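Everything below concerns the one structure shown next.
Number of protein chains: 6
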Amino acid sequence: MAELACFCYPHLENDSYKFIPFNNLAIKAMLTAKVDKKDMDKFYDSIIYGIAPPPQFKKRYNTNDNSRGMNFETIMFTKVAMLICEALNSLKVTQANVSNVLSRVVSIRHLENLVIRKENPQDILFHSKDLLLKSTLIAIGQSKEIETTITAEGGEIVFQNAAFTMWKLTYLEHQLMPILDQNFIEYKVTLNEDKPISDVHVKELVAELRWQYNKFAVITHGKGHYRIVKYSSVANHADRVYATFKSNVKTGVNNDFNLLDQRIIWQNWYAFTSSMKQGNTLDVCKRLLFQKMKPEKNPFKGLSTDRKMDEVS
Amino acid sequence: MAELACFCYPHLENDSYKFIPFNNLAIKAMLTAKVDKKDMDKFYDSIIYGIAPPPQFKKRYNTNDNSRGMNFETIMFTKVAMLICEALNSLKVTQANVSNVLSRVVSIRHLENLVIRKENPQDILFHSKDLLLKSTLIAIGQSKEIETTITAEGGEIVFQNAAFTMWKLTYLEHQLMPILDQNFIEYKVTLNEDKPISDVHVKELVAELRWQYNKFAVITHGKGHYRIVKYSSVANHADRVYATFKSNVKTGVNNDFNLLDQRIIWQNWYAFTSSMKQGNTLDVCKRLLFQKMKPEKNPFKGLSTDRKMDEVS
Amino acid sequence: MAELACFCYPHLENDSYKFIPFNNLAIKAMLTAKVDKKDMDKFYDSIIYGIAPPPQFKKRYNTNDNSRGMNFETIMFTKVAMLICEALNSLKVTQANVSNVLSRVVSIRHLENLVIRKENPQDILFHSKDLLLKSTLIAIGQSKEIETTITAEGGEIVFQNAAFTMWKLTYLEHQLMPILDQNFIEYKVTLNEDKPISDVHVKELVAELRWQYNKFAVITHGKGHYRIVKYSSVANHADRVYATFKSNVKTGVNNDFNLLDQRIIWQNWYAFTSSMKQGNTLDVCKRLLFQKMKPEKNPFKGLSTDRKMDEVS
Amino acid sequence: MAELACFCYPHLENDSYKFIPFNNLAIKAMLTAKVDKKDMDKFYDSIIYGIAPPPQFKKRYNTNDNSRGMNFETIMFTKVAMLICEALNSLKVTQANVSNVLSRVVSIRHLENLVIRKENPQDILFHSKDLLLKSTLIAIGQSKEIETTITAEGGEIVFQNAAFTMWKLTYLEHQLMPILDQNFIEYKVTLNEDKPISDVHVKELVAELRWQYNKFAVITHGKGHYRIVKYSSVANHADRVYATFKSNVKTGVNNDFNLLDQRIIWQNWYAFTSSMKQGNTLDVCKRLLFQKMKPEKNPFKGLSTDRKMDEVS
Amino acid sequence: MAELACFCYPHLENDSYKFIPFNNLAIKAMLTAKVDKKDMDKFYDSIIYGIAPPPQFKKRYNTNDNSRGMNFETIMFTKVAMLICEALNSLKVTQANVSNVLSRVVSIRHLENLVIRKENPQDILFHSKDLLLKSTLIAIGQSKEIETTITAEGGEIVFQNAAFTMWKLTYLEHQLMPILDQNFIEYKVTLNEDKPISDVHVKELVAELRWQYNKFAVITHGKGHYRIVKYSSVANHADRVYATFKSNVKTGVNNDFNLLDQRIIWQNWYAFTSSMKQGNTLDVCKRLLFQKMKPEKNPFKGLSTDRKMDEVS
Amino acid sequence: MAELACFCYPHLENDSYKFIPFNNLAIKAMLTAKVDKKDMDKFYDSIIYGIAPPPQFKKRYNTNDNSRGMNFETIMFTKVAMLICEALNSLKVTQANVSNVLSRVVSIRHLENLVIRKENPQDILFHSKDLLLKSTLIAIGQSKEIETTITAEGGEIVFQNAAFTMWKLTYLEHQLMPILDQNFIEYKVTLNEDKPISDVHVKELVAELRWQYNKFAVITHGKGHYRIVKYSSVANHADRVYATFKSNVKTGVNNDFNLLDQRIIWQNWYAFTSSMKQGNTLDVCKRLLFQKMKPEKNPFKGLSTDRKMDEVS
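Protein chains in written order, with the entry's author numbering: chain G, 1 to 313; chain B, 1 to 313; chain C, 1 to 313; chain F, 1 to 313; chain U, 1 to 313; chain E, 1 to 313.
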C-alpha cells in the first residue's frame, strides 16, 4: 500500500545515490510540525533526529487519531527499511530514476514476510545472499522475474506437490501492518519451477483444493501464482483487480495479465478477467462474475469420492 | 459405557426400593480393600463412609494405574448420581426388577450433558420438572420414547431448521469422562417433532451438510437421530454398531434398527445397515462399506453451486 | 502434649461447671504481662479480651522466640477448643474434679484430626452426634472405651481388611502443631470390632505389612491398636513408652499395657514390652531391643513369594 | 526405537560419506507432501528448507493425529542429531556400508541421556573428547565394547559400591521421547570395570537390592548390565527380549546373550533366558516365568535382619 | 483535626435533632460547585446525591491538588460517620446546642481506631453496647470521663501490668488519615482503673520504660494517660500543647491540665508543663525544655542492671 | 565450623602441592557410597565426577535427613572453594604440612562474607589483589596478622569513627550456612589501624554503644576486635570461649587471649575472661558472669543525657 519513500530517502554520494532509512522519532517530530504549502514535497529536517519523510505523507503513519497507517514505532519498521535500503543500494540508481523508484507501490505485508523468512536459521534466504537480493528486488518492483517457490513471500507450507506449493498467509500476527479483521484466512499457490506443468500434478492439486478448501475460490491478480480466498470476498477482489488494470493507463508498467491454467481458476473469475483483458467496461465485466452457470465446470469429475474412499480405509 | 450400579445402590423401603448414591471416599476405600472371591458381587461396607459399589467394579474408576474409568472424585460425579437417583425414585421399582435396572448400559457423556442442560437458568429443563424426568428416563433406558430436540442430549446449536436441529457435541471439555483425543469433532441432528418431514426442509438440511461439513459422513446408531462424524472414523463406528446389534441375542431389548431417510444417510452406511438388518454376517457387510460406487448418489443435484452464488453476493 | 487447660477454663454455673474457650488475643496479652510469683497459677484477666490461661503456661505457645508451642493464632485452635468444650459440657463435672480434668495430657494432633473428621460431609461423625461425643471423650481421656475404626483418629485409608484398617497419618499438613521433620511417615492399624480376630485375616494383614511396608516396624504404645513406624525411630519410641509407664507411679491411671497379638508385633518390641511390664529396669529392657536374633520369627513363611507371583500375572 | 535415518542423511564427499542432520521445518514440509509410490524410499527435497527424511518415515514423528513419534520440534532433537552426526563422521563409512549403518535400531532415550551427560560441566564426557565418542559409538551400535560405568547411559546415582553403580533412569522428564505412564520407575546397575567381581561386593549389592528395592525384579536384556524393574512389568519385558532374540535370524548381529551372575538375577528370569538361549519355543519358555517355586533361591540368607538391626542403632 | 460537621449534618425531627452522615459522591459534587460568598456556611444540595457539607470545608478533603484532607472515598469514612451519628443520636441535642456540638475538634485517628476496636469479635466493644457508647462519647467530647484501658483508643498491647497498659499506635496502616512519615513510632500508657496506683507497680512500669524504650520520652497532653514519643519529636509536641492551652481563652472547655505522676514524666516536660500551667509566656517555658540538668532525676536507681542480670540467666 | 578438607583436596605437582575444589555431584555420589572401615580416611573416587571428600565427612553436608551441614549444592559453595584454593596455592605447602593445613577449623560465614566483599565493584578487595590474599589467609588461619577494618569480615557499616568501625553481620541472608534463628542480630567493632587509640574516640564509641544498642553486651573471643551480642546470649558465648581455650592443650596454636580495653568490655565478661586466662576452672569462672555488682562500672558518667539533649534540638 505505502510507497517506497515512507521507508528511505536518497542521499547523493557524488557518483550515484545512496539510500538511508528514517528514524521513528524523526517521523514523530514531523507529525507535529507546521510547514507551509511550499515545502510539503521536500524532506523534513527534525533538528534532533535527522531527516524525516515529507509532510505530505502525514496520513500514512499510525498517529493518535489514525489507524490506516503502519506501526512505525515497532522494531519491524527498522528491519523492513534496512531490507529496502540494502536492496536499493545494490541496484545502482541514476540522477533521473530516483523520482520513479521511490514512487512505486509495494505490499508492506510482503516485505515483512520476507524479513521473517531471512531470519530463520534454517531457511535458504538465511544462507544465500543472492536469493535474498532477488526476492527483495521482486517485492520492490525493480525486477523482471516471476515469484516462484524459492523466492516466494512466505508463510506456512500446508501442501507441497512436485510442481506446486501452498502457503498459508499469516497476516493476523504481523506487527508493521496486521490485518484487523479477526476472520481472515487466505492461501496462495506458487509454482516450484517456471516450466510447463504435467497433467498428473494438476490433478493432485485440484483434488486437494476441492476436498479440504471447498469454501475457497481460486483467483489471480495477474502475476504467476494463484490466490485461494473465500467466496464472500471474491467481490471486493474483483473491484481491486479492475482498478489496478484501469490505473495502468499511466504507462510505467505494461499491464500483462497472465491468465493462468483454466482448469484451476474459478470459471467465473476466468471469464471476468478475460473480458477485462479484452477491453470491456466494468459493469459488463462484473456481470460475468455473478451469473449462475453449470456448463462443463468440472474437468476432473470423480475426485471427491476417491478422497472419501481413501479416507475411510 | 458404565452400568447404572456404579452410581447408586438400592435400599429397600418396605414398600418398594429407594436408590441412594455413593461417596467418592467410599469408593476410594474399596479400591484398597481385600475381599475374597465370595463377596465380589455384594456391596462393600467401608466402615467410615458408608456403602461402596461391589469390588468387581474395580477397573471402572480412575485409580493411579488406570485411565479407562471415570473421574469419580469430581463434583460432576455427585450431580450425575443425584440425577440418576431422582429419576429412578419416581419410577417405582419392584423386588424382581432391581437386578435388571442397575445392569443397563448408559452413556456417561449423555448424562453429564443432561446435567449441564438442567442448570442453565434459560433452558427449559430448568423450569419444566417433567421434561427433565422424561429426558433422564430416556437417557437411562426405562422409557419407550424417541430423543427429539426438546429432550435431546445438548451441546451448542449450530443450525436450526423448521424440522431439524444440529448440535455440536462438546465432549472435550467434560469432567466425568472427557474425550482424550484432542482432534475430536462430532455433531448430531435431532428432529424437532416426531412426524413426517416435508421435502423443502430435507433440502435445506442437505444443502448445509454438503457445503459446511463436507468432510463428515451422516450415519445412525439405530435410534431416531443422525450423527455427523468424519470419514476417517466411519470404520470404527461400523465395528461398534455391529457388536451392539449382535450382542442383542440377549433379549432384554428388541433390536429395532430405525433406518432413517435414505436421502440423507451416506449410501454406503445405508447399504451396510440394511444388510446387517437383513441378517448377513460381518465380513460380507463391511464389504459394502468400502466398495467404491457412484450410481445415483446425488438426489438433489445443483446445491453447492447455489450456495457459492448466494455467498458471492 | 499440652494439657486441657491451655484450651478452656471453667466457669461455675451454680449447679456444676461450664467450660469456655480462650481468645488468641487474650493469650497474646498474657505473654507480655508482668505478674508476680503468687499469681502464676490463677487465670489471667486481660481487661480487653477476657480471661487468659495462667502465666505458668508461658512456654506452651508459639511466641517470637519459641517454636515448641502451638499455633494458637490459627483458625484451627478455635475449632479444637470448641470441640473440647462441647465434649466437657456434656460430661457433668463436680466441684472436686475440675483440678483433675484440666490437668490431663492429650495429643493435640489427635484432636485436630478429629476436627478434620467431623467436617467431612460424607463422614459419619458429620451425621451421628453421639459418635463424635464418644470419639472426643476417648481422645480427652474421660472414657473407658478402646479406639476402634469407627472412632479412630483419622487420616487416609490405605488398606482395609474385614477386621483391620490401616490409616496414613497426615501430620505434616497440620496447622495447630504440625511435624517439623520433612521426612515423617507413619501409619496405624485399628481394629474394626472389638472381638477375637480370625486366622485367615491376620495372614492378609501380615502379607501386606511385609510386602509394601517392609522398612517399618509394628509397635504399640499400650492401647488397642498397632503403630507402623520406621526402624530408625524404634529407639526413640522405646524411650517414650518407658517414661509414660514409669511416670504412672502417680496413680490416676492404671497402667494396663495391652500387649497385642504376638504374631504381628515386632518380636524385639514384644520382648521389650513384656520385660518392662514384668517390672525390670530400663537398661536391662532396652538390651532386648538391640539383640540380634532369628529363632522362629516367621509364623507365616512363604508369603512374599506368593505376592511376587500374584503380581507377575 | 527409531532408526538412524530419522536423524541424519548421507552426503557423498568424493572420498567417503559425510552425514548431515535434518531440519524440523523440513520434516514438517514432508508430512504434508504428496509423493507417489516410486519415491517413498528416496529422500525428500522441500525446496525451502533442504532435504527431509524419506516419506516412508511418516508415522515416526509427532503429527497432529499421532503420539507414537518423537517431538522433533524440540531443541533436543537438534542436539541428538548433532551428536549422531559427530559420531558417524569420525567412523569412516564406505560406499557399501551406508545402507546398513542408517538402518540400525537405537534407543532415543539412551541418546538423549548421553546428550544430558555431555553438557554437565562437572562430568567427564564434558572434558574427555574420546570418551564421548566411545559412548556415542556404543549407543549407536558400531562398537564392540560393553557399557560400563564410565560410558553408561546416565541418570542419578542412588548407590555406588566398589564394583557396581546403580542409576535411576529419569525417563519421565525427557523431551524428545518421554515416558507417558506417570507411574514409571526403573533402575539399572552397571559394572565399574570389566573384570571378575569379588564375593564381598556381590553381598553388599544384594543386601541393598533386597532392603530398599524389594518390589523390583533384577533382569537383563542380554548386554553386560542389570535392569531393576517392578514385578508387574516382568511379563512385558519377557515378550520383548524374546522378540529381539527371535528377530535375530537376520544375521547382522550375533545374538550372544550374556547371562549375568546367577546370584543376582531373579531365578525365574534366569531360567527363562537360559531356556530361550538353548532354543526352546516361546510358550514353553514363559511357562518357566510364572511357575511358583522356592527351592534354594536365597544364596545369602540372613541379610535383611542385619539391615534392620543396623538401622535401629 | 477535622470538625464533627465534616461527617454528619443535623435534620430536625420536630422534637429534637437527628443526625445523618454524608455521601462521598455528594462531597465530590461540592468540590466542583460554584457558590457565592453568601452561602458558604449553609449546607450544599447536590441534586442527585443529597446534602453535602458546606463549601467552606473545601480544603478538608483529599482532592486532586490536596493531601492534607481525609480519604473520604474510602469504606472507613462511612463507618466513622455511622459511629459518630449513632453516638450523637443517643445524646439528645437541643435547638441551642447544634452549633456548639458540630464545631468541636476530634482526632480522626482516635475514631478510626474505635471503629477497628468494635469490629473485633473478641473485643468487649463488640458485645457491650454501652461501653461503645461511652467510648465514642469520650472521643467526641460530650463526656466528662477519663480514658481508661476499657475505653481506650486501641492498638496492640505490648505490656500489661496490674495497673497500667501500654498500647502501640498503628497509625501507619490507617485508611481515613494515615501518618505519611514512614518513620513513625509511638506508644501510649493508659490506667486500668481510676484510683491511686501503688508503688510496686510504678517501679515495674519504669523498669520497662527504661530498658526497652530508652530512646523515648514520656509526656502528656493534659488528659489522664501518658504518651511515649521519641526525643527528636518532643519539640513539636511542646509547640502543640502550648497552642491548645493558649487557644483555650475561648471558654468552652476549662483547661485543667492533669500533670501526672512526676516519677514517670520526663523531668523537663514536667517543668515545662508546670510553668505553662502557672501562666508563663512561651519562650520562658520552652527555655525549661532545652536546659541540661542532672539533679536527682533518677528516683529508682539500680533498675537497668537488674534487668541485665535477669536477662543473662 | 567445617574443616578445610570439606572444600578442597591436595594434588601433588612434583615440586609442592596444588589444591583443587570438589564437585557437589561428586559429594552427592559419596553420601550414597558403601565403603568399609579401612577407607574412611582416604579420598573417595566417584567414577563419573572425580574425587570426593573422605566418607568420614558424611554428617557435614545437608542430606535429606540432615540440617547441620552446609548447602553444598549452591553456587556459593563453588565460590568459597575457589577462594580457599586460590589462597592456599599462593602459600607454598610442603610434604609435611598438608595434614596440618587441611585440618584447621574455619568459620564458613567468614569466608562467605569475604566472597561477598570481593565481588562488590566498589570495594577495595575488588581492585587490590594482595589485600584479598591477606584477608583470605587471615580467615583460613595461616597468617599472623590481626583483623582490622581493611581486611575485616564485612557486613553493613552502621557507625564509623576515626578509630573504630561497627559492622552489622548479615548472617540471616546467607546461602552456604545461614543462621536458622529468625531473631538473630549481632554486630562487631573492628579497629581501623593497629595502634593506641586516643581517649576522645573511646568516648564517642561508648556514647553510641550505650544510647543505640543498650540491650547488647560487648564481648570478645580473644582476637583483636569486639563483638556486640545481646545479653540473653552471653551465657552460650561463655561456654564457647571456654571450650576453645580448654581445647588448646593441643599445642598447634598458642592461646594468647587479647583482653581488649577494659573501658569498653562488659565488666562481667572482663572478669570472667581474666579468670579463665589466669587458669581457673569453669564453674568458678562462670560464677563471675552471673554475680550482680555495681562498683564503679561507669567510667564516662553523664553520656546518655548529653545524647538526649542533643537529640531534642
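Every residue, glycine too, gets a C-beta built ideally from N, C-alpha and C.
My understanding is that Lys215/E touches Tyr231/E, with C-beta atoms under 8 Å, so please give their C-beta distance in whole angstroms. Here the question's residue 215/E lines up with position 215 in the sixth sequence. Here the question's residue 231/E lines up with position 231 in the sixth sequence. That belief holds up - the Cβ atoms of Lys215/E and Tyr231/E are roughly 7 Å apart, short of 8 Å.
Short check: CB of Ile51/U to CB of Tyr9/U, under 7 Å? For this step, residue 51/U is matched to residue 51 along the fifth sequence. For this step, residue 9/U is matched to residue 9 along the fifth sequence. Against a cut-off of 7 Å, the Cβ pair of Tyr9/U and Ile51/U comes out as a contact.
Beta carbon proximity, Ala29/E to chain F, threshold 7 Å: To locate residue 29/E, count along the sixth sequence from 1; it is residue 29. Chain F, which has a Cβ nearer than 7 Å to the Cβ of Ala29/E, makes this yes.
Is there at least one Cβ from chain E nearer than 7 Å to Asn71/C's Cβ? Counted from its first residue, the third sequence places residue 71/C at position 71. No - not a single Cβ of chain E is within 7 Å of the one on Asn71/C.
When burial is assigned at 16 or more other CB atoms within 10 Å of the CB, is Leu180/G buried or exposed? Here the question's residue 180/G lines up with position 180 in the first sequence. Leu180/G comes out exposed.
Quick check on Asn192/U - is its C-beta less than 7 Å from some C-beta in chain C? Within the fifth sequence, residue 192/U is the residue found at index 192, counting from 1. For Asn192/U, the answer is yes, since a Cβ of chain C falls inside 7 Å of its Cβ.
Assigned secondary structure, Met276/F (DSSP; H/G/I helix, E/B strand, else coil): Taking the fourth sequence and counting its residues from 1, the one referred to as residue 276/F is at position 276. In this structure, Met276/F counts as helix in the three-state DSSP scheme.
Cβ contact (3+ pairs, closer than 8 Å) linking the region 15–28 of chain E and the region 93–111 of chain F: no
Say whether chain D places a C-beta atom closer than 7 Å to the C-beta of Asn120/E. Included in the structure are the protein chains G, B, C, F, U and E, with no chain D among them.
Is the shortest distance between the beta-carbon of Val312/C and the beta-carbons of chain F less than 7 Å? Taking the third sequence and counting its residues from 1, one reaches residue 312/C at position 312. Yes, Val312/C lies at the interface with chain F (some Cβ there is under 7 Å from its Cβ).
Pull out every residue of the region 245–261 of chain F whose Cβ sits closer than 9 Å to any Cβ of chain E, in chain order. none
Assigned exposure category for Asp123/U - 16 Cβ within 10 Å defines buried: Along the fifth sequence, read from residue 1 onward, the residue named residue 123/U stands at position 123. Per the 10 Å Cβ criterion, buried.
From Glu3/F, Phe257/F, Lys34/F, residue whose alpha carbon lies closest to that of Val206/G: One-based indexing of the first sequence puts residue 206/G at position 206. Selected option, being the one with the closest Cα: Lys34/F.
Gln160/E - partner residues in DSSP beta bridges: Here residue 160/E refers to the residue found at position 160 of the sixth sequence. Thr165/E.
8 Å contact criterion, which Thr136/C and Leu83/C should meet: CB distance rounded: Here residue 136/C refers to the residue found at position 136 when the third sequence is read from its first residue. Here residue 83/C refers to the residue found at position 83 when the third sequence is read from its first residue. Going by Cβ atoms, the distance from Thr136/C to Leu83/C rounds to 6 Å, so yes, they are a contact pair.
Residues in the region 158–177 of chain C with C-beta within 8 Å of chain B's C-beta atoms, listed in sequence order? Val158, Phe159, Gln160, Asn161, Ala162, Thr165
With a cut-off of 7 Å, does the C-beta of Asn23/C fall near any C-beta of chain U? Here residue 23/C corresponds to residue number 23 of the third sequence, with the count starting at 1. Closer than 7 Å: yes.
Going residue by residue through the region 180–228 of chain G, where are the continuous alpha helix (DSSP H) segments of at least 4 residues, counting only ones entirely within it? 200–209
By the criterion of Cβ-Cβ separation under 7 Å, what are the contact partners of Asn183/E in chain C? In the sixth sequence, the residue the question calls residue 183/E occupies position 183. Correct list: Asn64, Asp65.
DSSP-derived helix/strand/coil call for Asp310/E: The residue labelled residue 310/E in the question sits at position 310 within the sixth sequence. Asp310/E falls in the helix class under three-state DSSP.
Chain F within 7 Å of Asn214/C, Cβ atoms only: Against the third sequence, residue 214/C aligns to sequence position 214. It does; some Cβ of chain F falls within 7 Å.
Tell me, which residues are paired with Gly155/C by DSSP? Here the question's residue 155/C lines up with position 155 in the third sequence. In the DSSP assignment, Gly155/C forms no beta bridge with any residue.
Buried or exposed by the 16-neighbour rule on C-beta atoms within 10 Å, applied to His110/G: On the first sequence, residue 110/G is found 110 positions in, with the first residue counted as 1. Result: buried.
Using a cut-off of 7 Å between C-beta atoms, extract the partners of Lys277/B located in chain C. Residue 277/B sits at position 277 when you count from the first residue of the second sequence. Ordered by position in chain C, no residue passes the 7 Å Cβ test against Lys277/B, which lies about 42 Å from the chain.
Closest to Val105/E by C-alpha separation, out of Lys301/E, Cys6/E, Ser304/E, would be which residue? The count along the sixth sequence starts at 1 and reaches residue 105/E at position 105. Here the closest residue by C-alpha is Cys6/E.
Closer than 7 Å, Cβ to Cβ, to anything on chain U: give me those residues from the region 228–242 of chain E, in chain order. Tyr231, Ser232, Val234, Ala235
For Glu3/F, name the three-state secondary structure that DSSP assigns. As a first step, residue 3/F is located in the fourth sequence; it is residue number 3 there, counting from the start. DSSP places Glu3/F in the strand class (E or B) of the three-state scheme.
Would you call the CB atoms of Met40/E and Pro55/E closer than 7 Å? As a position in the sixth sequence, residue 40/E is number 40, starting the count at 1. As a position in the sixth sequence, residue 55/E is number 55, starting the count at 1. Against a cut-off of 7 Å, the Cβ pair of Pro55/E and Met40/E comes out as a contact.
Quick one: residues in its chain with C-beta nearer than 8 Å to the C-beta of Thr220/U, no 5 flanking neighbours on either side, listed in chain order? In the fifth sequence, the residue the question calls residue 220/U occupies position 220. Once the five neighbours on either side are set aside, the close Cβ partners of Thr220/U are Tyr226, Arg227, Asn258, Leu259, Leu260, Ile265, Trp269, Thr273.
Looking at the secondary structure, which residues open and close the beta strand (DSSP E) in which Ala52/B lies? Locating residue 52/B in the second sequence gives position 52, counting from the first residue. Its beta strand (DSSP E) spans residues 50–52.
Within the 7 Å Cβ cut-off, does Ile150/F reach chain E? Taking the fourth sequence and counting its residues from 1, the one referred to as residue 150/F is at position 150. Yes, its Cβ sits closer than 7 Å to a Cβ of chain E.
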